[PDB]
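Single chain ahead, by itself, as structure tokens, in the form deposited in one PDB entry.
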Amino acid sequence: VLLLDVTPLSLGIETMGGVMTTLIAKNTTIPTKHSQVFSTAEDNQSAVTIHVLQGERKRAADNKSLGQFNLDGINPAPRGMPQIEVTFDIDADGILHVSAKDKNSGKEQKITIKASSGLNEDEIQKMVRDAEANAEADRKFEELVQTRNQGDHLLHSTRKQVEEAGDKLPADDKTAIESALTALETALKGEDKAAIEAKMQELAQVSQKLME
């Protein structure tokens, strides 16, 4: 065939840190189904949101929002534990169906998106031109986030491990940590990846007695 229907922009959802995680690649012939499993950003999280996006940018904010819904009734468990199956399916007439199911609870939710939604051709071109042009920055962003999320996590973990102990060591151990949890807390707010890792490391240091 010399011609076929495709979905012209990548399709996905928003993941922790406000990054887009793709789910159907641009220029994928339709119809088509894809599924991917996800978890929860943090501990004891009973609900998630699924924000459906169209585009080629690493910033979820930079892409086109097709919609959203919540998935509730998830059993508060530790982060990474729940298994939330998300599925994007585009039928032959370009209708997009997005489902999310929590494998444990069996809780499921759904949204239907009209083929005509999203970005027009002019807008399509631009996206693509824009994505390419900002490739370096989108990369930088992505990693920034990957670091930010490791840190967020180190954060709750370190806090969980301390306020977990009694012989919190010479409390001088405890104190160095609190003073390092701050530095990190603050570093995190920045856009500078190195500074985050650099505080993660200092934190990793004055935590010997807690890592043990």
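Counting begins at 1, following the sequence as shown.
In this entry, 146-154 shows the higher mean Cα temperature factor of the pair 27-35 and 146-154.
Comparing 171-179 with 61-69, the stretch with the higher mean C-alpha B-factor in the PDB entry is 171-179. The entry lists C-alpha B-factors for 50, 53, 162, 47, and the highest of these is at 162.
Each of 203, 9, 16, 13 has a CA temperature factor in the record; the biggest one is found at 203.
Residue 79: CA B factor in the middle third of modelled residues in this chain (values from the PDB entry). For residue 93, the recorded CA B-factor ranks within the lowest third of the chain. Only modelled residues enter the ranking. In this PDB entry, the Cα temperature factor of residue 111 sits in the top third of its chain's modelled residues, the highest group. In the PDB entry, a CA B factor belonging to the highest third of its chain's modelled residues is recorded for residue 140.
Here the subject shifts to the form deposited in another entry, a form of this protein not shown in this document.
Two rigid parts rotate against each other between this form and the one not shown, and the hinge linking them lies at 144 among 144, 72, 24, 30.
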